[PDB]
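Chains as they are written, first to last, in this note's numbering: chain A, 182 to 257; chain B, 32 to 444; chain C, 136 to 469; chain D, 12 to 347; chain E, 3 to 411; chain F, 148 to 221.
The block underneath contains the structure these notes are about, expressed in structure tokens.
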Amino acid sequence: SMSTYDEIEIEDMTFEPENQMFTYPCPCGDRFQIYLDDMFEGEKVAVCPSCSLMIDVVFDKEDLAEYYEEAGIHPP
Amino acid sequence: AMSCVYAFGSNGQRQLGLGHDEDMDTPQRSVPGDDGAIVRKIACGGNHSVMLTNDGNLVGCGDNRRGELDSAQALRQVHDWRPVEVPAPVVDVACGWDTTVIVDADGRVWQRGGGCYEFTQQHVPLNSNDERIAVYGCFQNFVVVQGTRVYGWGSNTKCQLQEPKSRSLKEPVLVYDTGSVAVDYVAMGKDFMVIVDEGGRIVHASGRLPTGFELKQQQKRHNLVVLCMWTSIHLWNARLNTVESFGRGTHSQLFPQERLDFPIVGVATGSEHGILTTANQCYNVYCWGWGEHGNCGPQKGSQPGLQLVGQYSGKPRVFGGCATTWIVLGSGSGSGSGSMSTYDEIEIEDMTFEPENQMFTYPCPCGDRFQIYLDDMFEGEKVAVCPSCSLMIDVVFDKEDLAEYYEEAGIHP
Amino acid sequence: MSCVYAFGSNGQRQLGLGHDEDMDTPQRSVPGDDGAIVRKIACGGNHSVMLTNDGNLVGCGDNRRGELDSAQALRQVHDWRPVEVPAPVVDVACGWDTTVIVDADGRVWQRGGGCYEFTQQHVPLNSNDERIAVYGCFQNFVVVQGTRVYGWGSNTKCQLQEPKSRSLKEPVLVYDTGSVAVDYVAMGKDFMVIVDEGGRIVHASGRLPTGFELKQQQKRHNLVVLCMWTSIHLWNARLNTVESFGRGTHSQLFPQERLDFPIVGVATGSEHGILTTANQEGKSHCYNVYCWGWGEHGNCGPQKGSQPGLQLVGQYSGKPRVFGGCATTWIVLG
Amino acid sequence: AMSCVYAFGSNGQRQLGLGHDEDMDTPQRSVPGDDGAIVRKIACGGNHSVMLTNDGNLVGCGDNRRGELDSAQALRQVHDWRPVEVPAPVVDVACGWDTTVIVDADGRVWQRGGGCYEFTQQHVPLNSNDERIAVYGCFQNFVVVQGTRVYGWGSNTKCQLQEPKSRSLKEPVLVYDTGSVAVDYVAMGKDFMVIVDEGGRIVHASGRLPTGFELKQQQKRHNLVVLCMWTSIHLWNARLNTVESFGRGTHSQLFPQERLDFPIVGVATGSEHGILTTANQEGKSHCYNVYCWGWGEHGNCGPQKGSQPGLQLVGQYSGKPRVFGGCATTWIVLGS
Amino acid sequence: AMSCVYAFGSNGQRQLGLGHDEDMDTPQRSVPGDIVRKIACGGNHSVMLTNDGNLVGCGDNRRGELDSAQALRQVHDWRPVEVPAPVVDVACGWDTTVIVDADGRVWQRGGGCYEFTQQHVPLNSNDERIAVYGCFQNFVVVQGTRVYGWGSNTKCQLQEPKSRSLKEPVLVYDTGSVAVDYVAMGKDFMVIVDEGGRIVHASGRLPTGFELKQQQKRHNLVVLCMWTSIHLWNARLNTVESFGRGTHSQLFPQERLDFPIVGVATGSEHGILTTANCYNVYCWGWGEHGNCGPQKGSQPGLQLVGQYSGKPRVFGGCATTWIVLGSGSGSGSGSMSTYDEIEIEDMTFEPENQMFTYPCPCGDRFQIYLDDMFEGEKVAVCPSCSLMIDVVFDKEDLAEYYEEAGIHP
Amino acid sequence: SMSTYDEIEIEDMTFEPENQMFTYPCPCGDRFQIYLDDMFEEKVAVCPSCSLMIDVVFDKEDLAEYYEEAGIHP
Ligand SMILES: [Fe+3]
Ligand SMILES: [Fe+3]
Ligand SMILES: [Fe+3]
Ligand SMILES: [Fe+3]
């Protein structure tokens, strides 16, 4: 398993409907990122592209249906 | 006579004011404009840095993709130190992840960034007197403190402002009211808050407090200095000359519990790193915690202990940001060596009163005279300024001490 | 199961990620099994090989020299495809364009380097409980059984025997102790270092890098020897540090400062080092993985400037197995 | 024989004798009437400068709105170097904020300025001996030293003369008597005072002494040289080849504690800046380096006016220079 | 692949490339916009040469030292310098800039001319590399054995006798046997050193205490030069012998050094010492602009200005100090030089396209063309990384491969 | 009594026609400067932004060349 920097609730994550990606501020200035599709498969670890930090996304499968709907409503 | 600003650490969006976007591990001289500026206070966000000059002007640099700095929506990044447009001279300033909140001399709270590209006024119920208005902010929350009352707004997902949970609070609410002692400052972390009065006592705490922190146990203490990282609380204990840290220490954020050989004279924290200032055999500056971007020094391994990042003649003022470290020399504020602060304290009886123009004068080392008006002192002004240089002096007097000179001058007070 | 992560030079898709883009952060590399427990990962110049506990071998990367698949038409293995073996594999190593395996029957097979078929390397060995280990780097390979150390391949720097030779197709006796059993053989480009089970350097051959005085090093005990292409790295467990010897043009030389974190594992690629330490701050004891040396392909992390010092690439709950490669870094965790 | 006077710093009232009123960051030639006479001493006020030569002549330049220089009230400011009219040849001289005090060859003490445009004799109870009569002054206090006795007059708001507090003492009073070892000199600051004997020991201190300076402990030391800025005390320790400062040091008035590889041969201080004379012994020709430290935003410490800590080289000279300091003004006197 | 360039000292014209114009006393990372081989400094301008042959400069431009536009009085931050051809070597004067292209022709700008004026110098057309050196108001071009130079001549540093300047280059000195390694130049003097470490010829106003006839008899010496002083690096005695007035500590501390000297560089009136330890860099001499460190009193002794893991390359300018890690030089640690020395017998020859290949740690191969090697090139380059290796071979070793390929040389 | 950095011939100096002032390059990057009137009276040039000094070597003559180029004096 990974050693996470923090545990973040899915309602605290910044959802981006353009690409179905959840983002969260990283202490280095960048953002932890994790895709909706990966979360639907069972993955819960967000990853920062700039540093070595990682965080856990706390969610359930019954929480993901909301964000899939928001992704389809989002304009072209 | 400017301030020597040193900056190093994360520099992805040129938020170090160096012109380039290279991460630094050793203190680089950050010079705003050509000649520089007298920096009083530095506030840092996720990818942007804001400096408050001693004359109420803001100068910033870094990311502008959220409207943190410039109002031009087309401008994505402010490369070098550029003046931040303000509606009025700034008294205090704080920053969020992508936001900038200021407080003017008129007593109005303005906020920019986070999508908005214009300073939108925050309407907080405040009084109109000598009680100054200070602003503190971190991550997605800001706090305005006036004397006793503590107001705040922003995120409320961990009940760091009120109950129950809320995704955000646009309109400011009453976070806490002491009802007695004046609130000194508010140490803010990520989704948690700690309130400290002038007695050094923790009066109130809210939000998702880091593990190990027993609030009811800590409130029984006093003479404490509370520092905060995003996920940790750090209690400066001057009496035992140590720093007590709380929460997980996955990246050495927890202060080294080893006995220090020198007295602590100052403690500052960034996002996930701490800055320690101690005396010497003159002044040493150490960094600990997560620092794989150079904010802790050349060793970016986040190993435990304290990295000596610099040694200074006078006591420096340190500021912590998101993986960035700021060291300021000659802030113009304080009372230590090489601080460029107040020159001397003079009793009003030593001052030279001039009834011809209602003014008190006192000899200046340059050859001129510090000057101060009588009516201004009736309003509470206790500072005489030289007309040809930085120096200034504090005039010690009481309100009833002015009644003598009003009579000598022949003016009704 | 075993989760395999990889990053670095990916020009020939040797990371098993499917794409040819160089990475600077640990990427989830997934074969067609994953549920099985990884034993060892061996890397060549542009091809990677993963040995599992079930004896199955799987590889990916360049096949223009027959490194992986027998099909001469196939120039590159796209994803993690099973490497055809005559028998279950016990141990495996790789050369610049070669792959050598050691099966359960005790036979040593070699493919690649022009040969698209597994050709049995006839090395004189015994038939008992003494395990047969294989080691390899660049253009050389070494088979170790008990006390004997055999080897073949190149010999331009007299790494096998004397005098110089362009190649030695048939396995010759490199060295015999002949008392203490040989633990392993750390191999560089054109040199060789033999270590016993006592942590002592028993013998060294080939073009040894500058600064390394063999006579002075044989008087030392309890050492762990790692080898890059042009440098030797000594892991002194007692002093908790890594002693390095080489030109160090791109920061290959370990930062000779005493580490606070206890070193629990050391691995080396072609020109970069991989350090695993213990992080015992906080309630949970975790493990930090650092990288140093030439890593402009991102094999040392996001910082590709090849600056001196350790670079943190990740924290993990359990102690991971790290493996080196040609500008590639592998992290394996359960 | 000839003295070459160099001056720079605050020049708001043309007290640099340069003829103009521009602040200088580099040494400038200050040529008086007799630029061939040997300079004995240079005393500086707040805005007026006074130069004394061996021939007993006094010349001055700078402000005169308080009567520091000339008896003519309509002379607001003395443009260039002008002969200061004296009742007798001057042997020693000292300046206050807006006052000038002299000691003549007859042994009398005269004071002008601070309102009075006339040289008024200060009647200090002296003895009819051959003992030299020295005068020292700063801000609003003057001191006359003869033998072992130290007399003084002026301000007394901080009890720098006697007890208790007085707004002013017009008549000279006995500040201190040793009364064995002869007093070498008296280092004066703003509303405070330090007395030193010929043994290099601090015999007595009075007035608002700056923080960190504990008189009781400093009296147990020998072979010292005491300098005084307005709000700081400085101790030249030749044994350790360094200067020990005592003050808040808001503008780098505190001498750099680092090791000096050059031997110190002379130390002087202005209002809020120090002047260091060192011996450059590197090479065949031994020359002298002059450094400045402390508050120098008027260019009185050199080209760099940021008042940054550390010594700032302002010039190098063949022979040993004699340095003098005033209110943000630096004087360098030579000889050729 | 990136060189870390540190810079501090006089910054009155932004020649440090830091953006601001404040003088620095501590090494600041100078970053060219968003691999450096050599740094040349002038009076108030700086020139930085890269491995790919490009020049990037910053500083004063009131004499045309950098940009051709006359309206540009000063170059803010690092900006590219327009060159007619890839530069191999670059030197600087008080207000000038002289370059040497791969074509083997010398250009000069600055000092009044806002355009690169070609300096016609009688040179050959072979493997002999063309090096250039310059200081104050004089420049010297050395292709090997022969030494040409132009500029001022008020102190007879070019010929005899006088006067002012010489626009047309003249033959300063010819050995004519042993090749000239370098030419150390001062303000109004000049010292020529061969590859034997022997002073061959010296012209101009030599500083006091320096007798030429006494020094010519010596060998294995490294000659460095300030404006008014000559400094000899005696590696055998591990010290630096200085010759001059030394009014501001220019004379190297003749005290016993604890660690072996590994590098000596000089500015206008200050020296930069590099010793072992991992690597310490010291600065002595006149440095009241912070160019010698925080202590700007020009006191005698060595000021520690920093410590480095790998052996750094150093350059000195007019009251400025440059420290570059991971340059494009040779040998040393952390210098990012040539990766490894490989014999031609260990190379892989490809007769199809006349090319020699050798494995690279990145996974690719170092390549080098046969035709290039016949002209005297010995460095193989990897398509995909900073790497470079040196191929050891002789001219008579190429005949075997020309026969295998079937091509006449 | 000026301890100088170097002695420079008046012919080697640089003359700015309008200012009646000779300049010479300085190791700090600036330039030493001396006035012609002071030379008829001083042989020392001073750098504005440093602390070095140089001597301008000349006799009690050979200054008419620059006097005539100035268009005025003596
Ligand atoms: Fe990050
Ligand atoms: Fe003033
Ligand atoms: Fe490569
Ligand atoms: Fe200069």
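Beta carbons: idealized from backbone N, C-alpha and C, even for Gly.
Could you give the distance in angstroms between the alpha-carbon of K454 of chain C and the alpha-carbon of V467 of chain C?
Translated into positions along the third sequence, residue 454 of chain C becomes position 319. Translated into positions along the third sequence, residue 467 of chain C becomes position 332. C-alpha separation (whole angstroms): 9 angstroms.
Find the nearest neighbour of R373 of chain C within the set C:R355, C:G383, C:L361, C:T384, judged by alpha-carbon distance.
Here residue 373 of chain C corresponds to residue number 238 of the third sequence, with the count starting at 1. Looking at the Cα atoms, C:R355 is the closest of the given residues.
Residues of chain C with CB closer than 7 angstroms to the CB of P230 of chain A, please, in chain order.
Within the first sequence, the letter at position 49 stands for residue 230 of chain A. Result: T160.
In terms of residues, what are the limits of the beta strand (DSSP E) holding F213 of chain A?
By 1-based counting over the first sequence, the position of residue 213 of chain A is 32. Per DSSP, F213 of chain A belongs to the beta strand (DSSP E) from 212-216.
Grab the span of the beta strand (DSSP E) containing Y404 of chain E for me, first residue to last.
Walking along the fifth sequence from the start, residue 404 of chain E turns up at place 402. Run containing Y404 of chain E: none in the beta strand (DSSP E); it sits in the alpha helix (DSSP H), 401-407.
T131 of chain B: buried (16+ other C-beta within 10 angstroms of its C-beta) or exposed?
Position 100 of the second sequence, counted from the start, is the residue given in the question as residue 131 of chain B. Buried is the call here.
If the cut is a Cβ gap below 8 angstroms, which residues of chain C does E323 of chain B touch?
Looking up residue 323 of chain B in the second sequence gives position 292. Under the 8 angstroms cutoff, chain C gives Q446, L447.
Put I306 of chain B into one of helix, strand or coil per three-state DSSP.
If you number the second sequence from 1, residue 306 of chain B lands on position 275. Of the three classes helix, strand and coil, the one that applies to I306 of chain B here is strand, per DSSP.
In the segment 334-374 of chain C, which residue ranges form an unbroken beta strand (DSSP E) of at least 3 residues, counting only runs that do not cross its ends?
As far as the segment 334-374 of chain C is concerned, its whole beta strand (DSSP E) runs of at least 3 residues are 336-341, 358-363, 366-371.
Take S344 of chain B and list the residues in its own chain whose beta-carbon comes closer than 8 angstroms to its own, dropping the five residues that flank it on each side.
Your numbering for residue 344 of chain B matches position 313 in the second sequence. Correct list, in chain order: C313, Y314, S368, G369.
Tell me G163 of chain D's beta-bridge partners as DSSP assigns them.
To locate residue 163 of chain D, count along the fourth sequence from 1; it is residue 152. Beta-bridge pairing links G163 of chain D to D:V154, D:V184.
Would you decide whether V381 of chain E is buried or exposed? Buried here means 16 or more other CB atoms lie within 10 Å of its CB.
As a working note, residue 381 of chain E is residue 379 in the fifth sequence. Flag for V381 of chain E reads exposed.
Is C312 of chain D close to chain E? Criterion is C-beta to C-beta, closer than 8 angstroms.
Position 301 of the fourth sequence, counted from the start, is the residue given in the question as residue 312 of chain D. Cβ-Cβ to chain E under 8 angstroms: no for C312 of chain D.
Among the residues of its own chain, which have a CB less than 6 angstroms from the CB of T383 of chain B, if the five just before and after it don't count?
For this step, residue 383 of chain B is matched to residue 352 along the second sequence. Only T392 meet the Cβ criterion.
Within the continuous beta strand (DSSP E) that includes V180 of chain E, where are the two ends?
For this step, residue 180 of chain E is matched to residue 178 along the fifth sequence. Run containing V180 of chain E: none; DSSP gives neither H nor E here.
Should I346 of chain E and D399 of chain E be called a contact, given that it needs their Cβ atoms to be closer than 8 angstroms?
Position 344 of the fifth sequence holds residue 346 of chain E. Position 397 of the fifth sequence holds residue 399 of chain E. Contact flag set, yes.
Can you name, in chain order, every residue of its own chain whose Cβ lies under 8 angstroms from the Cβ of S150 of chain F, other than the five neighbours on each side?
Within the sixth sequence, the letter at position 3 stands for residue 150 of chain F. Answer for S150 of chain F: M200, listed in chain order.
Quick one: is the Cβ of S333 of chain B within less than 7 angstroms of any heavy atom of ligand 1?
Taking the first residue of the second sequence as position 1, residue 333 of chain B is located at position 302. Answer for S333 of chain B: no, Cβ out of range of ligand 1.
Beta carbon of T64 of chain D, beta carbon of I49 of chain D: below 8 angstroms?
Locating residue 64 of chain D in the fourth sequence gives position 53, where the first residue counts as 1. Locating residue 49 of chain D in the fourth sequence gives position 38, where the first residue counts as 1. Yes, Cβ-Cβ distance for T64 of chain D and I49 of chain D is below 8 angstroms.
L203 of chain C to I367 of chain C, Cα distance in whole Å?
For this step, residue 203 of chain C is matched to residue 68 along the third sequence. For this step, residue 367 of chain C is matched to residue 232 along the third sequence. Using only the alpha carbons, I get a separation of about 29 angstroms.
In whole angstroms, what is the alpha-carbon distance linking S296 of chain D and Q264 of chain D?
Residue 296 of chain D sits at position 285 when you count from the first residue of the fourth sequence. Residue 264 of chain D sits at position 253 when you count from the first residue of the fourth sequence. Whole-angstrom Cα-Cα distance: 32 angstroms.
Could you pull out every residue in the same chain whose Cβ sits closer than 6 angstroms to the Cβ of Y147 of chain D, ignoring the five residues on either side in sequence?
As a working mapping, residue 147 of chain D is identified with position 136 in the fourth sequence. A105, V154, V197, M199.
Select from the segment 257-282 of chain E all residues with a C-beta closer than 7 angstroms to any C-beta belonging to chain D, and list them in chain order.
If the cut-off is 7 angstroms between Cβ atoms, the segment 257-282 of chain E has nothing near chain D.
Between which two residues does the beta strand (DSSP E) holding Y140 of chain C run?
If you number the third sequence from 1, residue 140 of chain C lands on position 5. Looking at the DSSP string, the run of the beta strand (DSSP E) that includes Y140 of chain C is 138-143.
For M338 of chain E, does the three-state DSSP call read helix, strand or coil?
Within the fifth sequence, residue 338 of chain E is the residue found at index 336, counting from 1. The answer is coil: DSSP assigns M338 of chain E none of H, G, I, E or B.
Could you compute how far the alpha carbon of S139 of chain D sits from the alpha carbon of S366 of chain B?
Within the fourth sequence, numbered from 1, the residue matching residue 139 of chain D stands at position 128. Within the second sequence, numbered from 1, the residue matching residue 366 of chain B stands at position 335. Roughly 50 angstroms between the two C-alpha positions.
Sort out for me which residues DSSP pairs residue 445 of chain B with in a bridge.
Chain B is shown from 32 up to 444; residue 445 of chain B falls before or after that span and cannot be answered.
In this structure, does DSSP put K397 of chain E in helix, strand or coil?
One-based indexing of the fifth sequence puts residue 397 of chain E at position 395. DSSP places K397 of chain E in helix when its eight states are reduced to three.
Measuring from the CB of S5 of chain E, is there a heavy atom of ligand 3 at a distance below 7 angstroms?
Taking the first residue of the fifth sequence as 1, we reach residue 5 of chain E at position 3. Answer for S5 of chain E: no, Cβ out of range of ligand 3.
With distances taken between CB atoms, is the gap from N181 of chain C to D197 of chain C smaller than 8 angstroms?
One-based indexing of the third sequence puts residue 181 of chain C at position 46. One-based indexing of the third sequence puts residue 197 of chain C at position 62. Going by C-beta atoms, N181 of chain C is nearer than 8 angstroms to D197 of chain C.
With 8 angstroms as the threshold, decide whether the Cβ of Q15 of chain E is near any Cβ in chain F.
As a first step, residue 15 of chain E is located in the fifth sequence; it is residue number 13 there, counting from the start. Taking Cβ atoms only, chain F reaches closer than 8 angstroms to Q15 of chain E, which makes this a yes.
From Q149 of chain C to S183 of chain C, what distance separates their C-alpha atoms?
Sequence index remark: in the third sequence, residue 149 of chain C carries index 14 (1-based). Sequence index remark: in the third sequence, residue 183 of chain C carries index 48 (1-based). Rounded to whole angstroms, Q149 of chain C to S183 of chain C spans 5 angstroms at the Cα level.
Give me the Cα-Cα distance between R198 of chain B and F170 of chain B, rounded to the nearest whole angstrom.
Along the second sequence, read from residue 1 onward, the residue named residue 198 of chain B stands at position 167. Along the second sequence, read from residue 1 onward, the residue named residue 170 of chain B stands at position 139. Taking the straight line joining both Cα atoms gives about 14 angstroms.
Cutting at 6 angstroms between CB atoms, please list the residues of its own chain near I101 of chain E, excluding the five before and the five after it.
Taking the fifth sequence and counting its residues from 1, one reaches residue 101 of chain E at position 99. Once the five neighbours on either side are set aside, the close Cβ partners of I101 of chain E are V89, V92, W109.
Report yes if the CB atom of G281 of chain D is closer than 8 angstroms to the CB atom of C239 of chain D, and no otherwise.
Stepping through the fourth sequence from its first residue, residue 281 of chain D is reached at position 270. Stepping through the fourth sequence from its first residue, residue 239 of chain D is reached at position 228. No, they are not a contact pair.
Inspect the beta-carbon positions of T241 of chain E and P262 of chain E and report whether they are closer than 8 angstroms.
Within the fifth sequence, residue 241 of chain E is the residue found at index 239, counting from 1. Within the fifth sequence, residue 262 of chain E is the residue found at index 260, counting from 1. No. Outside cutoff.
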